[PDB]
Each structure stands twice: as C-alpha cells, then as structure tokens.
Amino acid sequence: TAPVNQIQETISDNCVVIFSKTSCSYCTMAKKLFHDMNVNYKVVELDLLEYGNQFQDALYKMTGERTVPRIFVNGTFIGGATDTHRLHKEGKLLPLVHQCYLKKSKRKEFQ
Amino acid sequence: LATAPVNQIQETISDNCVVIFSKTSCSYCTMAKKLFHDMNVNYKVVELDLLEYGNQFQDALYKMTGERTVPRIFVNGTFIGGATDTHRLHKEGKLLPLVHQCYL
Amino acid sequence: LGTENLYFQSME
Ligand SMILES: N[C@@H](CCC(=O)N[C@@H](CS)C(=O)NCC(=O)O)C(=O)O
Ligand SMILES: N[C@@H](CCC(=O)N[C@@H](CS)C(=O)NCC(=O)O)C(=O)O
Ligand code: FES
C-alpha cells in the first residue's frame, strides 16, 4: 500500500513527474523534452530507491506497463517517452502543463 | 579494466560485419537492432544482460570506446558509436555504405 | 532471413 500512497502524493504535489532510471536514455530524453519546454519537473529515479522494484510494481497496476519512464502531468498518467513526445508534437502537452501551473496552490499559504 | 577482454571483442567484430552490444531491457538498443533489421542486412547482437560474462564484455567496451554504455555498435570491425551516432549515420545515408564495405 | 524474422517477431 505504501509505494502507491507515495506515488499518489508525488503526482499530486508536482505538476510534472517522471518516474525514471538514471541509466535510461528514454528517461533522459523525456527529461530533456520538459527542460527544453521550460517546465519544472520532479524526477523519481527508481534505480536509486531501496524498494524501486515495488514502485515499478505499483506503477504497473496504476498505468498498465512496468516500464520507465512513467510520466504524469497534473496527477494524470500521460504515457511513456514516445507517448509524451507525440502529445508534444501534436501541441497537446504544453496546455496540460500550463493548466496545472495555473491551478497548483503553494501549500505553505493554505494552512 | 586492467583485465578487460578486448581480445574477445576484437574476435567478434572481425568475424561479423555488424555487431550490436546490447541489453534486452533497453529501447535504444531495440531501435538500433530494428534499424539493421529494417535494412535487411545480417547483424549479430550480444545481449550483455543475459550473459554470465556480460560485465567483462562491458569492461572491454569501456576500455576500447571510453564509455560503459549500450548499445555499442561495430561495422566492418570499426566502432561506429551508440544509438544516436548510428541513427545520425543512417539519416545522412552513410550507414548502409559502411555495411557494404564488409562485402567488398 | 527465416531465423531473423523468427527472432525479430518474437521481440517486437
Ligand atoms: N514505449 C515505451 C518504452 C519503455 C521501455 O521499454 N522502457 C524500458 C527502458 S528503455 C524498460 O523499462 N525496461 C525494463 C526496466 O528498465 O524495468 C516508452 O516510450 O516509454
Ligand atoms: N548517447 C548514447 C547513450 C548511451 C547510454 O547512456 N546508454 C545507457 C542505456 S540507454 C546505458 O548504457 N546506461 C548505463 C549507465 O548509465 O549506468 C547513445 O546514443 O548510445
Ligand atoms: S535503458 Fe536504454 S533507452 Fe531506456
């Protein structure tokens, strides 16, 4: 239950989350894509985590594949590297990010 | 690295026109294999993640090429690069003529 | 040729 809960919190606290491995060039390219679009993103490197296998299991259940990267925008699973690049090619990625940047509250102010 | 089997890499790359040192889990390697597949030329893969001595071949690749990454692609006994380099060669139409040199 | 496609079709 704990990995799923932590994954949910991360994707809620951050507009863009990339579940990644440091050794993977698909993941590097997904990072670069967001970087080039001037988007801040949260990276979780599954290979640097003690229980990274369990996070990959949790992500399989949530999204339908075990593979990295697993990319979330505004708490919604948008896809892996290829799906994310295609969304961008179609002009559909920036508007999702943008809507999220305009919604996400600064938690320190709402307490 | 002082004990890396470069001599073995050298045997493999002299005996086979196209050699792709690879891992099964890697999409860059998959894209590199698909390129040669689609060209309809013969190619050898070495799936380092499936081999007991995969780590030794990776030490040798690091020694020879200066990076411990996959894929590592050889054509006609010459290191041509990784996935990016191989696709750049192909974009410029320069990969197929290198493969052809094997058969001259 | 037959072996290549055998391999390839099983991977992809
Ligand atoms: N089409 C997927 C490919 C994903 C994929 O195959 N990822 C590989 C790494 S490139 C993977 O996760 N392999 C097994 C693993 O690392 O757990 C995408 O574009 O994200
Ligand atoms: N630019 C290189 C990238 C090679 C690369 O970083 N490969 C990754 C797999 S996609 C790797 O071998 N990683 C092992 C590590 O970084 O520890 C290419 O195009 O081949
Ligand atoms: S591990 Fe090579 S592209 Fe993902």
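Counting starts from 1 on each chain and follows the sequence as written, independent of the entry's numbering; residues without coordinates are not shown. Labels follow written order: the first chain is A, the first ligand is 1, and so on. Only hydrogens and water are set aside when side-chain values are computed; all heavy atoms of the structure are taken into account. Residues with missing side-chain atoms are left out of burial classes, side-chain pairs and their counts.

- As documented in the archive entry, the model was determined using X-ray crystallography at 1.900 Å resolution.

Notes on the UniProt feature "binding site: glutathione" in chain A
All names here are of chain A.
- UniProt positions are given in the numbering used here, feature names are shortened, and annotations may be inferred rather than shown by experiment. In this numbering, the UniProt entry assigns the feature "binding site: glutathione" to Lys 21, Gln 56 and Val 68. Spanning 48 residues, the annotated positions come together in the fold, the maximum distance between their C-alpha atoms being 10.8 Å. Those annotated residues that line the largest pocket are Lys 21, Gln 56 and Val 68.
- A helix here means a DSSP run of H or I that spans at least four residues, while a strand means a run of E at least two residues long, and both kinds are numbered starting from the N terminus. In this fold, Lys 21 is placed in the loop between β1 (16-20) and α2 (25-36).
- What makes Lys 21 partly exposed here is its relative accessible area of 26%.
- Once residues lying within four places of it in the same chain are set aside, the contact partners of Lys 21 are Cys 27, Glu 45, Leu 46, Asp 47, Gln 56 and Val 68.
- Contacts are assigned to residue pairs that have any heavy atoms within 4.5 Å of one another. Those residues within four positions of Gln 56 in sequence are excluded, and the remaining contacts are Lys 21, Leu 46, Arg 66, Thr 67 and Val 68. Points on a 1 Å grid, built from protein atoms alone, make a cavity when a 1.4 Å probe fits but cannot get out and make a pocket when they are open with protein on both sides within 12 Å along at least 5 of 7 lines; residues with an atom within 4 Å of a point are the lining residues. Accessibility here uses a 1.4 Å probe with only protein chains present; expressed as a share of the type maximum, an area under 20% marks a residue as buried, one over 50% as exposed, and anything in between as partly exposed.

Regarding unusual backbone geometry
- A cis amide bond links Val68(A) to the next residue, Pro69(A), at an omega of 0°.
- Turning to its location among the elements, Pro69(A) is positioned in the loop between α3 (52-63) and β3 (70-73).
- With a phi close to 65°, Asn40(B) is a non-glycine residue in the positive phi region.
- Counting through the fold element by element, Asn40(B) comes out in the loop between α2 (27-39) and β2 (44-47).
- The exposure class of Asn40(B) is exposed, given its relative accessible area of 70%.
- Even without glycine at this site, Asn76(B) takes up a positive phi of about 55°.
- With respect to the helices and strands, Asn76(B) occurs in the loop between β3 (72-75) and β4 (78-81).
- A relative accessible area of 37% places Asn76(B) in the partly exposed class.

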